[PDB]
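See structure below.
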Amino acid sequence: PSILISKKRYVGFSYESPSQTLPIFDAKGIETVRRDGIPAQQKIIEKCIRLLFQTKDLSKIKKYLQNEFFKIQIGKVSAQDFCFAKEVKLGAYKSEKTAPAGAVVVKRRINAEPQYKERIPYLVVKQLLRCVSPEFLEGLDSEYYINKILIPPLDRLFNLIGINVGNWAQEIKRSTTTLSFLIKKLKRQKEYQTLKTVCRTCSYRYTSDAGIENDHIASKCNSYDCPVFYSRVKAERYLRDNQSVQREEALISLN
Amino acid sequence: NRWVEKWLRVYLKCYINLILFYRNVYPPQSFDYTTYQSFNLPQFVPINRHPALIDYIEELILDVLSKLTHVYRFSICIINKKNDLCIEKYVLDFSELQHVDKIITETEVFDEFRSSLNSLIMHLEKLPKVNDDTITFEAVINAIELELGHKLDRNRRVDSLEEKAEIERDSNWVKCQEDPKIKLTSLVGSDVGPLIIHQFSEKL
Amino acid sequence: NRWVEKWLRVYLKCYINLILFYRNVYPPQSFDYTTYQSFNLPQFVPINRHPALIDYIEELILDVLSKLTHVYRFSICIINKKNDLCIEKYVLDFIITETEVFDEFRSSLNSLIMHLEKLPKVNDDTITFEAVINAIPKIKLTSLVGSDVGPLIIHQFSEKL
Amino acid sequence: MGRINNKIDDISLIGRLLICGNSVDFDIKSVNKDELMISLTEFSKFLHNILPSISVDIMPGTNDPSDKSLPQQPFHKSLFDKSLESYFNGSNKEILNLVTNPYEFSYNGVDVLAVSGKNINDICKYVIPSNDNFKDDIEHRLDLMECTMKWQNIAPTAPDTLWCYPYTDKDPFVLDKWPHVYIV
Amino acid sequence: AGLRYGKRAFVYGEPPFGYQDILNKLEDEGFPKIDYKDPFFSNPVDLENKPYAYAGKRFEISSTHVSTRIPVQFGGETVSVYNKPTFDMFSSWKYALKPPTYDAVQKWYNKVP
Amino acid sequence: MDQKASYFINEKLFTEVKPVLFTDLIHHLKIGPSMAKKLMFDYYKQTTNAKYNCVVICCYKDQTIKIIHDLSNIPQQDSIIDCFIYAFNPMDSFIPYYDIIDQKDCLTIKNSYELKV
Amino acid sequence: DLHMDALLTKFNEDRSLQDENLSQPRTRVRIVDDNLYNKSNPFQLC
DNA sequence: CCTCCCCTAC
Ligand code: SF4
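Protein chains in written order, with the numbering used here: chain Y, 469 to 723; chain E, 2 to 205; chain G, 905 to 1065; chain B, -13 to 170; chain L, 13 to 125; chain Z, 2 to 118; chain D, 32 to 77.
As structure tokens, then:
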């Protein structure tokens, strides 16, 4: 199976030997191998291409795309796969207005200076496009991300078949409620505890300690290259979220 | 049809799962005793955990519930695979079911279901053991005024999932006929107001 | 006795194509499997892609129905190469409106599909067929569903050496 | 209730019944309200059928629908059948009592400290390359509990059992008075 | 040795193609040797007349559902029922879908998912 | 009474197929546990047509309660302090069901406190 | 040492049937909790 | 339509 988009742009399953059983996902020039985007678009494109090549089913692709779009709109994304990274040349720009978004982010950060030809994180989440750095975590309009990150490449890949992805995206005493409240709160608390345990175990590498002052040190880690940090900060924010009002509602119902 | 559909679906699920388990239609290791299978069962009914079998049973029960307005008898036939002959037949009478034209507490409904399922289990226990290795089951219904397989003569351009479900349910049945030492053993059904169900069984 | 001709033609075409595909008489990926519906059945009915074989089947069906009165048994035999022995043999014996003849034809086709789906696989390039018309060792026989409402009652059964 | 033993002279001496947690077992990762409600209705049926003959004290457990931390508050007035609404009016506390997970009952002057066992279980999930001179034995856990009394710290592994904000300047988990009887 | 034909039996002509020459003959006629599956919708609801056109190219995207499948045609002309169905009282019907095999369930259980 | 109890047991065992407990007799006839056990033993006799399974449990020493399964080799028979019939099971799997029971006047032991409304 | 029927006959036929008036049931021994209302449950948080 | 910028293929 193969798709030929344009010159030096193609993707397909490769069989280097007839004895080989599992196909190899070979892509050249499409967004999967291009570092000019976000990991979410690469993962979505790869999954859609694999589904099309294996099952040839457009219904499964549409279902997966609609589910992913709904998750993005709701806000159930990992928040890490939405970070851009492009090289910046601080001295090779003709003018200030011609500089890219990452140059503006670095210039705001300087006022510290980076090195020449650096992949720098830009446009994490949430009026020209010219720039929040991953200021987001200490700080998303899903329509913008969905449309201007997934509609163009998926349309380029699927208009060859003859389907419009944009049409798919266009559609897009009480023991009952309190029990659900406890279910949600306990699931959130257990997830938070698991994240804290993982962080403590990872920080054991440096601390070599198990009791107190190990979790305290692990709580000060701000590594942006690991999804566990994003999950931990999301859980911590959610514990301090509107759930306080939910707890008050449970107290009123219980009384 | 307010609460009748849910209780009827639960009873049909328990009936089918009990018949499958006690006649060795599927390996007993694939069954587990439980009370919740997306619905609070009246007892601890052994329910298979194979996703394909669960989906098949749910689809069959939904089709039967959809056609309930015209079917007066539901039967699960046990047919051998060395030869296409039915050896055991379990008949679930639906003599107008006392249809709710216009509804009772769930406790009595579950008590009656418990009595009927206990009668079924007691009858099934004394039956001789059935070997594994390709014993299978079959579903047959007796209708009053309907004709299936004839809804695909207009190209049936579907618009929503309901139309597709109707088309696939109309075309999922084929016409059969009525067909020694047949032994008939009547069992205990439900005598509650909304649900009047009679239970039968056949041997040989 | 008017529409029985067309419905029998369709049923016989489905019969022959199903026997040719489910058995390994002709290779797979040579039949049209995901395009046609036989008798509004939910299953996939295969149709041979080569127009010449389809035309030959149609001529065979027309010839069979031309002398339908004289024939009392129409059968298709499966012959294994280098032995010339009938491994298996599928035989069908011989006021009516649309609905009933349609229904028994649908039921007979469904029974044939059920019987054929659970058969053991057949090796490649080892089987050829032979259609025989009848005018007037250890054998395993299987009884299938046939039409009975119409005056042209047929009996469907299969054999296996 | 004395229905089985048939010796009332000994059954009538059992003043109270104490449930020490883990009333219901479920997977909180994948769970819905209906099956948990079925389990709680069964528990409520048992309570209603046992309450008229004996008093019941209930403790939250590790897998019970209560806080994941160790100081688990009493369950609720809800999550029980409507047949038990008479016991939850507030005036009837001597026959039914829902209590915090760690508690000190003064049973006729006998102060007893009850723990559902989360602290010892959390200590036992650590492998310590020390104490060469028992492996997963009753003696080893008994020694751990004896050390817990010796250290006057109910929860030595604070990051595992304790949660954020146990208290302000006075942690209740540090012992202030030894009890007569210790239960884990 | 083999199965007897009967008392009086006639034989039809030999088929023109064999097992090995069928694909070559099909390729000679102008058809691909293997017809690979085109992109399709398994759910007829999701059809929505998508394959209309794409940059002046007309695509034929169909569905494998029973509703969208063309009835089997004889002689180049489609065959279908025209009159309304006539239901008869006291009929019996049989489920057509095949339940999962005992061996399939045993294999699924032994894999320990 | 050996007549009302037998009729109730026969009804609950044959008309509505459900296992019958001795506690059911306690709640129905308003009798003590010993009388219920004696009535169950009496119904165990005069049973030439046996169409049910008896679930018998015994009380060992050191306050141990066991359910008999083997029915051929009972360990420590010398330490048995009591042995009676717990229930009559018409099926093979016991699996009883429990419902709300109003123990208004069938209680043999009551707590010192009373429910206050 | 004996069949189950022998044990059942030995035990059930000699039932006491005594002290079971059922009209004046034996009162359970009184056990109280002095901490029901005293003060300051240490583990009661908000 | 124009330049500017990114960066992958060969
Ligand atoms: S970096 Fe990722 S893993 Fe290492 S501690 Fe911070 S979160 Fe846990």
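Note that beta-carbon positions come from the ideal geometry of N, C-alpha and C, so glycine has one too.
C-beta contact flag for residue i and residue j at 8 Å
i: B/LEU33; j: B/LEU70; result: yes
i: G/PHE1033; j: G/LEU945; result: no
i: Y/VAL701; j: Y/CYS667; result: no
i: G/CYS918; j: G/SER942; result: yes
i: B/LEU4; j: B/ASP50; result: no
i: E/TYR57; j: L/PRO125; result: no
i: D/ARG57; j: B/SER(-2); result: yes
i: E/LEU153; j: E/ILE168; result: yes
i: B/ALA144; j: B/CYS6; result: no
i: G/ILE951; j: G/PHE935; result: yes
i: B/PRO152; j: B/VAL98; result: no
i: L/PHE52; j: Y/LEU526; result: yes
i: G/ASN1038; j: G/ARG977; result: yes
i: G/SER1015; j: G/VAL1049; result: yes
i: Y/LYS664; j: Y/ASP677; result: no
i: B/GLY(-12); j: B/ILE(-6); result: yes
i: G/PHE998; j: G/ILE1058; result: yes
i: G/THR939; j: L/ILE34; result: no
Cβ-heavy atom distance, residue i to the ligand SF4, below 7 Å
i: Y/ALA703; result: no
i: Y/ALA678; result: no
i: Z/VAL118; result: no
i: Y/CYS551; result: no
i: E/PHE40; result: no
i: E/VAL72; result: no
i: Y/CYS667; result: yes
i: Y/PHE697; result: yes
i: Y/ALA686; result: yes
i: Y/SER671; result: yes
i: Y/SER691; result: yes
i: Y/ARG700; result: yes
i: Y/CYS694; result: yes
Residue span of the alpha helix (DSSP H) that contains residue i, given as start and end
i: Y/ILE512; result: 507 to 523
i: Y/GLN711; result: 711 to 722
i: Y/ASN579; result: Neither: Y/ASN579 is in no alpha helix (DSSP H) and is coded neither H nor E.
i: Y/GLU611; result: 610 to 626
i: Y/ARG477; result: First-last for Y/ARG477: 477 to 482, but that is the beta strand (DSSP E), not the alpha helix (DSSP H).
i: Y/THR662; result: 645 to 675
i: L/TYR94; result: That residue, L/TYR94, is in no alpha helix (DSSP H); it is neither H nor E in DSSP.
i: Y/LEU707; result: 695 to 707
Supposed contact pair residue j and residue i - C-beta distance, whole angstroms, cut 8 Å
i: E/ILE136; j: E/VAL11; result: About 26 Å separates the two Cβ atoms, so there is no contact after all.
i: B/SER64; j: B/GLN58; result: In fact, because the Cβ distance is near 16 Å, the residues do not count as touching under 8 Å.
i: residue 745 of chain Y; j: Y/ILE540; result: Because chain Y spans 469 through 723 in this model, residue 745 of chain Y falls outside it and cannot be assessed.
i: B/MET131; j: B/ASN87; result: Incorrect: roughly 17 Å between the Cβ atoms, too far for contact.
i: Z/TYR61; j: Z/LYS67; result: 6 Å
i: G/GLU909; j: G/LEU969; result: 6 Å
Residue range of the beta strand (DSSP E) that includes residue i
i: B/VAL98; result: 96 to 100
i: G/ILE980; result: 975 to 984
i: E/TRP174; result: 174 to 177
i: Z/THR65; result: 65 to 68
Pairing CB atoms from the region 73 to 89 of chain L with CB atoms from the region 990 to 1009 of chain G, are three or more of them under 8 Å?
no
Would you be able to state if there are at least three C-beta pairs under 8 Å between the region 33 to 49 of chain D and the region 71 to 79 of chain Z?
yes
Do three or more CB pairs link the region 86 to 93 of chain L to the region 105 to 123 of chain L at distances below 8 Å?
no
Should the region 27 to 36 of chain Z be called in touch with the region 44 to 62 of chain D, which here means at least 3 C-beta pairs below 8 Å?
yes
Any contact of the region 550 to 559 of chain Y with the region 572 to 591 of chain Y, i.e. 3+ C-beta pairs under 8 Å?
yes
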